[PDB]
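[1] Sequence and experimental coordinates follow.
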Amino acid sequence: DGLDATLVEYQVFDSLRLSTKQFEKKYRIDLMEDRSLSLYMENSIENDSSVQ
Amino acid sequence: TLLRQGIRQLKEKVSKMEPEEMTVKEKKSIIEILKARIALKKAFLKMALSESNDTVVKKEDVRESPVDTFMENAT
């Protein structure tokens, strides 16, 4: 590891035991009939500006 | 400079009290980043200061005086 045993806390990987189907529904994002985040981008959207 | 027109132009960019505001005003905040670095364009001083530069001017206004006098001694 490289770390001192004594300062450590068992932890959990949310991103593991997940169905690919729900994986996409947590991290992936697109402009395809989506753009739901713009409801949160507040305050300030851009919107979408230019590429990048 | 650009800021000078940018005051009068950011003036009425605002659109009512409605959430029509921030939808444009976040990109306006991006413009505020841009102008924030326009401040960098003026990051250092040239000639001193008004009126100390103006004191330099009046200094020239005294310095101009010999110029208007020695010619009288042309003959």
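    Arrived safely, thanks for sending. Numbers count the residues shown, from 1 in each chain, chains lettered A, B, ... in the order given.
[2] and chain A, which residues reach chain B?
    A:41, A:42, A:43, A:44, A:45, A:46, A:47, A:49 (CB under 8 Å from any CB of the partner chain). For the C-beta atoms, the positions are set from N, CA and C on the backbone; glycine is no exception.
[3] nearest to residue A:11, of the residues you listed?
    residue A:41 (30.3 Å; CB to CB).
[4] Look at the closest residue to that closest one other than its chain neighbours and say how many residues are nearby.
    If the residues on either side of it in the chain are set aside, residue A:41 comes closest to residue B:26, at 7.1 Å by CB to CB, 6 or more residues apart in numbering or on different chains. Neighbourhood size, residue B:26 [other CB atoms under 10 Å in any protein chain shown]: 19.
[5] go on, residue A:44?
    Residues near residue A:44, counting by other CB under 10 Å: 16.
[6] what's near enough to touch the residue lying closest to it once chain neighbours are set aside?
    Leaving aside its chain neighbours, residue A:44 sits nearest to residue B:26 (1.6 Å; criterion: CB to CB, 6+ apart). Neighbouring residues of residue B:26 by CB atoms under 8 Å, 6 or more residues apart in numbering or on different chains: A:41, A:43, A:44, A:45, A:46, A:47.
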